[PDB]
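Everything in the sequence shown is counted per the deposited numbering, starting at 48 for the first residue and increasing by one. Cβ coordinates follow ideal geometry from the N, Cα and C atoms, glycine included.
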Amino acid sequence: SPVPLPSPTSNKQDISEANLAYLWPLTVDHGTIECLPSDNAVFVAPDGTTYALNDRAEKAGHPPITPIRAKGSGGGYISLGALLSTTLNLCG
């Protein structure tokens, strides 16, 4: 369903490390997240680039979010799950 706020900016949600409430999972600056029809989740960077957030969105033809991945300390990539789950809770 729509985002549980008034005037929901057309169900699009601008998102940052502070707003998500979890460690920022990509190397790019703050952007927008969106649900699209048939349980797809998308992320759009601040330069306008639309990427896939879940595997379905990547099967759909939205691009990998892989080149802009963030490592943790002593290396190793971070998960997009807390950010994904929160994005599909929003459009619950």
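Assignment of beta-bridge partners to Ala99 by DSSP yields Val89.
The DSSP-derived three-state label of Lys59 is coil.
Counting only residues of its own chain and dropping the five nearest sequence neighbours on each side, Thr74 has a CB closer than 8 Å to the CB of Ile115, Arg116 and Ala117. Comparing C-alpha distances from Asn87 to each of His77, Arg103 and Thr97 shows the shortest one belongs to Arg103. Taking C-beta separations shorter than 7 Å and ignoring five residues to either side along the sequence, the partners of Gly139 in its chain run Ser48, following chain order.
Here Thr133 is near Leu67, since their CB atoms are less than 8 Å apart.
Membership of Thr74 in any beta strand (DSSP E) is not indicated, and neither H nor E is assigned to it by DSSP.
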